[PDB]
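Next up: just one chain, as C-alpha cells, the form deposited in one PDB entry.
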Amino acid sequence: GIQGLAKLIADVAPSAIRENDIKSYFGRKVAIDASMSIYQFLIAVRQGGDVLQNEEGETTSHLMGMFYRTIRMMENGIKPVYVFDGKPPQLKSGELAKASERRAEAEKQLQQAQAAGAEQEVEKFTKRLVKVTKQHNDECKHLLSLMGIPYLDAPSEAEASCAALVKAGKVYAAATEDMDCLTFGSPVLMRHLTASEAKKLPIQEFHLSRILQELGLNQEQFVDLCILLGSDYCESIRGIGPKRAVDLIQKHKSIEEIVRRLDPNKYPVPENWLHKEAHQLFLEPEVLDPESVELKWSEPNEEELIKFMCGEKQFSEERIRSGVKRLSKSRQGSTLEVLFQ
C-alpha cells in the first residue's frame, strides 16, 4: 500500500470520495484482488482460535468466505472478477526480505509461547504467521470455476492488472483496500464492498480524476507523491511526511527536481535510491491484456459444487444447495444469455 494516502485524500481531496447505496450497483462489474480477500478470511474466519476445516485437517475458511461473499455480491447484482497475483517485480525483493524477518521472528516467538503453555500468546503469533499459499489460490480458482465466476491470473501484481481492467472499461472499479491501485492508474477504487447484511461501513468510491484535480497534479506527479509517502518498492525520505511531501511535489513537480533543491545536509536522500525505477513500475507495470479474455458469468455447476464443498470439504449440503440456488437465480436476473447473429 501507500502509507497514509487514504488519510491524505480524506483531508486534502475529500471531493474524490463518494458514497452510494448498495442498491445503485446492480449490473456493475468490479475487479477484486483475490489474494487479499483470501487473507481476510484466513485471519477472521476462526472458531476457537483455529480455522474451519474438514475432518482431513484441510482448511476451508477461504472457501467459506469466497463462496458466500461472492454469492451476496451477485444477489445485489454485483458481478466480480477475481485477479490473482503472479511473479512479484524485482523492486519488491528489497521489501520481501524484510517480511521474512518478521515471519522468522514471529516463528521464534511462536514456539516460545507454545513451550510456555500460553493461551492468548498462541493465538497472537498464529494469526501473525497466516499466509496465502498456492493451495489456497488453486482451491479458490477451482471453486470459482464451479460457481461460474470468472477469474484472471495477472503476470505480476494483481493490483496493477485490476487497474488496467478499469482503464480499459472492462470493469467499473477495483474493489480493494490497497490504495496503491490508484498509484497504478485505476480510475476508480471501491472500498467496503462486501455486501454484508451487517452494513457497518459505507461503500466508498475513490475517483482518481478528482484526486488529481484537488491536489493539482498529473499522474506522474501523483506517483512521485506516493513514493515520498512510502511504497512497497523503494525507500522514502526521512523527515518528509504527507504534509511536506505535498508541498514539495506541488512546488517542484518531480523527485529529480526535489533532490536538486533540497539541502543535502538537512534532508539527505536514501543511498542508491530507486525512486526512478519504482516510478517506472507504477506508471508502466506488467499487466494482463484486458482484450484477451472476455469476462463471462456462467451458470454454476450445482452437483459438482455439492461433491466438492460438501462431499469433500464437509459443508452443509442444505446450505450449499441453498447458496447455489440463490446464485443461479441472481445471475438470471443480472445477466443476459449469450446471443449469436
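So that the term is clear: the rigid core is the largest set of C-alpha atoms that superpose within 1.5 Å between two forms. Numbers for residues come from their place in the sequence shown, where the first is 1.
Novice: Are coordinates for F222 absent from at least a third of the other PDB entries that model its neighbours?
Specialist: No: coordinates for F222 present in every compared entry.
Novice: Of the other PDB entries compared that resolve residues on either side of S298, does at least a third omit it?
Specialist: Result for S298: never missing in the compared entries.
Novice: Hey, which bit's got the bigger mean C-alpha B factor in the entry, 195-203 or 217-225?
Specialist: Comparing 195-203 with 217-225, the higher average CA B-factor belongs to 195-203.
Novice: Comparing average C-alpha B factors as deposited, tell me which of 80-88 and 233-241 sits higher.
Specialist: Higher mean C-alpha B-factor in the PDB entry: 233-241.
Novice: Going by the CA temperature factor in the entry, name the top one among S161, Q114, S186, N137.
Specialist: When the deposited C-alpha B-factors of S161, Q114, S186, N137 are compared, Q114 is largest.
Novice: Highest CA temperature factor in the entry: which of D153, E75, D247, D180?
Specialist: Comparing C-alpha B-factors across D153, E75, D247, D180, the top value belongs to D247.
Novice: Check where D50 lands among this chain's C-alpha B-factors and tell me if it's the lowest, middle or highest third.
Specialist: Highest third of the chain for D50's C-alpha B-factor.
Novice: Thinking about Cα B factors across the chain, which third does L327 belong to?
Specialist: Lowest third of the chain for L327's C-alpha B-factor.
Novice: Split the chain's modelled residues into thirds by Cα B-factor; is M190 in the lowest, middle or highest one?
Specialist: Its C-alpha B-factor, which the entry lists for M190, ranks in the middle third among residues of this chain.
Novice: According to the PDB entry, is the CA B factor of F282 in the bottom, middle or top third of its chain, that is, lowest, middle or highest?
Specialist: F282: CA B-factor falls in the middle third of its chain.
Novice: Where does the C-alpha B-factor of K276 rank in its chain, lowest, middle or highest third?
Specialist: Answer is highest: the recorded C-alpha B-factor places it there.
There is another form of this protein, the form deposited in another entry, and it is not shown here; the text below is about that form.
Novice: Quick one: with the rigid core lined up, which of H142, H252, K170, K199 moves its CA 2 Å or more between the shown form and the other one?
Specialist: Single hit from the list, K199.
Novice: When the two forms are laid on each other by their rigid core, does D11 show a Cα shift of 2 Å or more between the shown form and the other one?
Specialist: No, because once the rigid core is superposed, the C-alpha of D11 moves less than 2 Å between the shown form and the other one.
Novice: Quick one: with a 3 Å or larger change, is the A195 to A6 CA distance smaller or larger in that other deposited form? Answer closer or farther.
Specialist: Relative to this form, closer in that other deposited form.
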